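All Cβ positions, even for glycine, are placed from backbone atoms using ideal geometry, and neighbour counts span all protein chains on display. Readers should treat all values here as calculations from the given coordinates under stated rules, not as data from a laboratory.
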């Protein structure tokens, strides 16, 4: 849905406006289809489980599936006599309470969706961003035909830098060292003994891929995290320019319109943020930020 | 809702649901839910990568085994001969014409082939009948005087 | 000629690489940097298949007494034995060949 | 004279590998067309058309019998509409938009 | 050397690890 | 960062005590050395 | 063809053509080709050229020529000296397994039905026993069918059938701490009369790879040669023969991957003192050529032996969760619940034999119940559902070529062959296969 | 390690500086001496020889 | 469809042939040994849904023995796994002589070969599946045979397409011809009355009426010539009106 449509539209515009690379829409939709099947695979087992709501004091017991399918209604016979209307509104309130509960779990699992899909789009933005050639400017800088002028307001920002100025440090290195610490451990005194302890067998199981027999589902071996160094990988524009320039122009044109509209999004989210915390005004008063150009 | 109930089997009127007993407990134990957050339904450990096990939603048209073994291997050989040519353990950025533009001497690979692929064949063909060896011979040569 | 120029592939040889060539094509493939020339991109499998295409292009027909691989009679005679040999799945694959 | 293809984003070279093959070869009652009609950002009819061709590529490659009732089970609406179009205007074949 | 002197002298030898250490410094400070 | 957090999570969760869960050893200004500084020349100032 | 007598077909050259075409196709699929070892020498004996009946000039032996060619194609061209003795032994074991699979399903179903009719009998007789077992919960307690490491083997179960082990009931999950080794692949024992330090592996894989005799299997073996060394027929002891009971203890690491043998200890501790440790043999075939008869002196060998010669050797505390299942021939079978690689609620291990009541009481320090239900093993965890001994045979018998390097017989090549995403050829994820 | 970690961080930096500076100073010395002896080799009298006969100079440098 | 001990348990929904009245069965047994489904008589009225095609409830209704039961049909079973409906004529046994109530609320209902011959469950019957054990005894069944023993006694030698003569089963489709992905939709003319009657093909240049027009379009190739030479296949343009022209192609 549009959370992940917004997210990947802004990532598309990123991997293009931050590097001359284009994401193949084959991929752009393999991403959204993986989120949609995330939700189908949640909804599947969500439909094998129940939420129970109950109306006043628990007289009406509505049994439901978290998606909101009313399955059963055990009633107190002091309710059969209310009316036809008030029976309706009471079972409806019991349904509504159960729906509140099921949707509580539904939103407790949509955050798991956010988080698996995030672990998913990690190595892609980490690809575009955790490379020596990744740099921005301050959003206030009057970017001029030849570079970026300066800001005037709120002097001295704090330019971060996410990358070690030292030699390269990559997650594959970190994970290989992770297994090496794991190795030295399962060699060490507390290592070999904790491994024979439940705390060790539990870890082995819940995290040992190379131990899945021939047949079991899941990762059947250990995987390094993914590496997509954008500014050092022409992604698609190579294939597009080779085959046909028409598709090239339009694919880059979309990626650019997408980043443009995610910019318009940041702009209007900021616009409300200011009209909220008292920075801006509800109708143009400061024209010279548009009329002096 | 009235028809959700109908397809839900009508209201089952069970007497005394939320009615409490003298000792403060309810008669007719309530209905109890079995719902939580599913803890093993990340779709990625499912629709994984086909040949490796990097379970995510990114396409990476890999390279065949063999055409990566030999490929990267002879790249290592070519780099060890271009950049570190005199074998002193030092990478000389300025090798000669002959080092920069000499193809590596790993054409011993086809010689290994010539020993362990074609040679046992060349012993095995001591059992073929001559007319066929000569026929496939002249055929692979292109000199076949078939009298029209 | 068919066995030679199609199925006896090992009898084919590629342009043998130089080592600056090997290292540089590795270096501009395993990472496509900015502003690459268009001379680093023609792969050896596309090159093998283009060479076989040129083989089939320059196959010629005439009496084989000259430098020719074969005559129309030789070639269509092979075609006929084969097209008689073709079974169902053979004909599925052949008609797909025609269609594509 | 065959060097351009309209809609250059969904090429055919990347559909000869069945998308999430061994996930709907594992319970094709749990995997309608609507779960994978997200995999292609194209029009809906053309996406189902790709899906049936995909199941075919997949069954062929597993070397198992295809289910020739899959086109029917994907275009059921269209299937019954052809059936009733025939039964109504007594023709055979498929209904074209000029007859709607 | 002392620590500050190690910094001031490596700051002419190894651009990288010094830029690194100075960043880790600013961050552990502003924490 | 997030990858080490994956590590730390595993370790703190199951009881794998090496590397990042195991506390790195710091050296202390020695009991005699009135030096307030880290000195690369001088080892015995920094005691464990 | 150039010949008036022979028929224009040469099966020798055609089969060589088939091999070369396989190699050609793989060079095209992969771009490279594994150089078939210097041990790869094509056998062509099974190939026979045609025979042409004279009075008719029509072939006599066509299916003959064909089966010759197909045998020569199946047969890879390299003998034993290519294969590590580990390769060789695992291979022979797989061969023997698929050799006995028919009789295995036979005897296993027969045995299942015998234990089943034992169940039917206890339930039927007497009339008072039937009047007790009339109840559904009582009868379903009485015995349950459960997959064994061989196949679906019924388990006895009762309050009285499970209290002797101290078991609460079959649906009661329980942790345990147990004695094992700090490294089972490393079992040390010095044989006194021998004084040779054998480092054993007590791991069931290499326990089998020498003929199936796992650690703790209790056996009887027999002898063919005379222990008095006397050819004479006056007074001889071993012509009558001796029957040596033994128990397997693992694989000794010598120094040759092939020349290890199976280690087993005399159970008569008198002979464990005087005669000494007995090795079994370098393989299944080896032990069986070495010994006239080797047999499990128990039915079934599910009886699992304590190792006393290694009692002091087992110093590790294994923290093993489990879940009761049944007690067949008075020997408990349990369902462990922590397995490596199964991080879901499906992967409960199969029914496993644990030693008899005495072994529970002795090696079982802690056994603390719970309450639970019998969750059968899943597909991948089920062994006779997952016994891949056959494909293992194919794997190993084509293991060598993977060791040699790949080179492209279409030489001069550099481009790495671009294999494509999701291609049904290259798909390896066998999530359920 | 949890209140004053940066102590271990500085310790690592001193470890690096120790095990680094001498091959580091070494590289710096070799390189500066190389560029300086290039400057003096250009300033040498072979410059005057080349100036009076270039083609000979390239010839002999290509020869040896 | 599941096995707990090898014996298969299918989930299905029995339905009146009009799918009006339906009755589900969670985990029923699949015995490939009884050639008919034996459902309790109580459903003979639950699934008697009198439609028009079937005036009374069912079509066939015959007092059978196995007389115990009423053999009735046709009832539209639908198994969870399968997408094809399985139409049966189940025996409707009464629950008196045959109290099918095995346990508390269970039933002891079993799905018959009368069905397994219509499901994809049939493939579990040819040696290799999950029902070849439970198959009854006969000379074409060796009970405990190795599946590979049966396949090789039939003629298994190698893998699938192991020997290089047999093509690869995945070059079987090197191209799917999906017209709007590749070069657009054909230009479809007809010569006849309809699209379905007339044919794709215009009449080639050789017609008696076209040869004057072709002669002109040859010699005066730059003026516009009257005639029928256009309704031909041969056309002045580089592009000839030969069928399956892709009229929206990017590059023609």
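If I take all pairs of Cα atoms in chain B, what percentage of them are more than 20 Å from each other?
Values: 8726 of 10878 pairs.
That fraction is 80 percent.
Judged by the ratio a/c of the largest to the smallest principal axis of the C-alpha gyration tensor, the range G:307-433 counts as prolate, that ratio being 1.5 or greater while a/b is larger than b/c.
Inter-part distance, the range G:289-331 to the range I:196-226, computed on C-alpha centroids, equals 93 Å. Can you tell me the FRET efficiency between residue A:5 and residue I:20 if r is taken as the Cβ-Cβ distance and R0 is 51 Å, rounded to the nearest 0.05? Once rounded, the FRET efficiency stands at 0.75. Kirkwood analysis of the Cα pair distances in the range G:40-171 returns a hydrodynamic radius of 20.8 Å. Mind grabbing the base-10 log of I(q)/I(0) for the range G:233-298 at q = 0.17, 0.18, 0.20 Å⁻¹? Debye formula, identical points on the C-alpha positions, no solvent, two decimal places. So the normalised log intensities work out to -0.71, -0.78, -0.91.
If you take the beta carbon distance between residue G:129 and residue G:220 as r and set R0 to 30 Å, what does 1/(1 + (r/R0)^6) give as a FRET efficiency, to the nearest 0.05? List each step's numbers first, then the result.
Details: r = 36 Å, r/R0 = 1.20.
It comes out at approximately 0.25.
Based on alpha carbons, the Rg and Dmax found for the range I:92-240 are 33.2, 98 Å.
Along each principal axis, taking the top coordinate minus the bottom one, the Cα set of the range G:320-374 gives 33, 23, 22 Å in descending order. The Cα trace of chain C gives Rg and Dmax of 19.6, 56 Å, the first to one decimal, the second as a whole number.
Note on the range I:164-214: Cα-only Rg and Dmax are 19.3, 57 Å. Where only DSSP H runs of four or more residues are counted, chain B gives -10000 deg cm²/dmol as its mean residue ellipticity at 222 nm, each run worth -39500 (n - 2.57).
Quick check of the Kirkwood formula: for the range G:1-100, what is the inverse mean of 1/r over all pairs of different Cα atoms, in Å? Walk me through the intermediate numbers first.
Numbers: mean 1/r = 0.0609 Å⁻¹.
Its Kirkwood hydrodynamic radius stands at 16.4 Å.
The coefficient of translational diffusion for the range B:7-56, derived via Stokes-Einstein from the alpha carbon Kirkwood radius under 37 °C and 0.692 mPa s, stands at 206 µm²/s. Just so you know, the averaged projected area of the alpha carbon convex hull for the range G:170-209 sits at 5.1 nm².
Hey, what D do you get for the range I:179-252 in µm²/s if you plug the Kirkwood alpha-carbon radius into Stokes-Einstein at 20 °C and 1.002 mPa s? Walk me through the intermediate numbers first.
Working: Rh = 13.7 Å.
Calculated translational D: 157 µm²/s.
Distances between every pair of Cα atoms in the range I:120-170, grouped in 10 Å steps from 0 to the bin holding the largest one, split as 23, 41, 27, 10 percent. Dividing the convex hull volume of the alpha-carbon atoms in the range C:1-53 by its residue count gives 86 Å³ per residue. Roughly speaking, what % of Cα-Cα pairs in the range B:104-148 are separated by over 16 Å, rounded to a whole number? For the range B:104-148, the fraction of Cα-Cα distances above 16 Å is 58 percent.
Taking Cα atoms of chain H, Rg/Rh with Kirkwood Rh, to two decimals?
On the way: Rg = 23.8 Å, Rh = 16.0 Å.
Rg/Rh for chain H comes to 1.49.
Exposure proxy shown here: for I:158, A:99, the number of other Cβ atoms within 10 Å sets the order, fewest to most, as I:158, A:99.
Assuming a ≥ b ≥ c are the square roots of the Cα gyration tensor eigenvalues, decide whether the range A:145-249 counts as rounded (a/c under 1.5), prolate (otherwise, with a/b larger than b/c) or oblate. Let's see the in-between values first.
Numbers: a/c = 3.70, a/b = 1.67, b/c = 2.22.
It is oblate, given that a/c is not under 1.5 and a/b is not larger than b/c.
What value, in deg cm²/dmol to 500, does the helix sum -39500 (n - 2.57) over DSSP H runs of n ≥ 4 give at 222 nm once divided by the residues of chain I? Spell out each step's value before the answer.
Details: 4 runs with 25 residues, N = 252.
Value at 222 nm, helices only, nearest 500: -2500 deg cm²/dmol.
Applying D = kT/(6 pi eta Rh) to the range I:1-132, where Rh is the Kirkwood radius over alpha-carbon pairs, T corresponds to 20 °C and eta to 1.002 mPa s, the Stokes-Einstein value obtained is 142 µm²/s.
Comparing G:415, G:114, G:356 in a Gaussian network model of chain G (Cα springs below 10 Å), the most mobile by mean-square fluctuation is G:415. Our helix-only sum for chain G, with -39,500 (n - 2.57) per DSSP H run of n ≥ 4 divided by its residues, gives a mean residue ellipticity at 222 nm of -9000 deg cm²/dmol. A simple spin-label model places pseudo-atoms 7 Å from Cα toward Cβ; at residue F:41 and residue G:357 they are separated by 8.1 nm. Remark on the protein assembly as shown: hydrodynamic radius 40.6 angstrom, per the Kirkwood mean of 1/r across alpha carbon pairs.
Orientation-averaged projection of the range B:23-108 equals 13.9 nm² [convex hull of Cα atoms, one quarter of hull surface area].
What FRET efficiency comes out for the pair residue G:315/residue B:92, r = Cβ-Cβ distance, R0 = 60 Å, nearest 0.05?
Values: r = 58 Å, r/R0 = 0.96.
Approximately 0.55, to the nearest 0.05.
Measuring nothing but alpha carbons in chain F and taking Rh as the Kirkwood radius, the Rg to Rh ratio lands at 1.25. When the alpha carbon coordinates of chain D are projected onto the principal axes, the ranges are 41, 40, 24 Å, largest first. The alpha carbons of chain G occupy a box of 90, 68, 54 Å along the principal axes, longest dimension given first. Taking G:210, G:14, G:333 in turn, the Gaussian network model of chain G (Cα-Cα springs below 10 Å) assigns the largest fluctuation to G:14.
Once a ≥ b ≥ c are taken as the square roots of the eigenvalues of the Cα gyration tensor of chain A, is the result rounded (a/c under 1.5), prolate (a/b larger than b/c) or oblate (a/b not larger than b/c)? Judged from the Cα gyration tensor, chain A comes out oblate (a/c at least 1.5, b/c at or above a/b).
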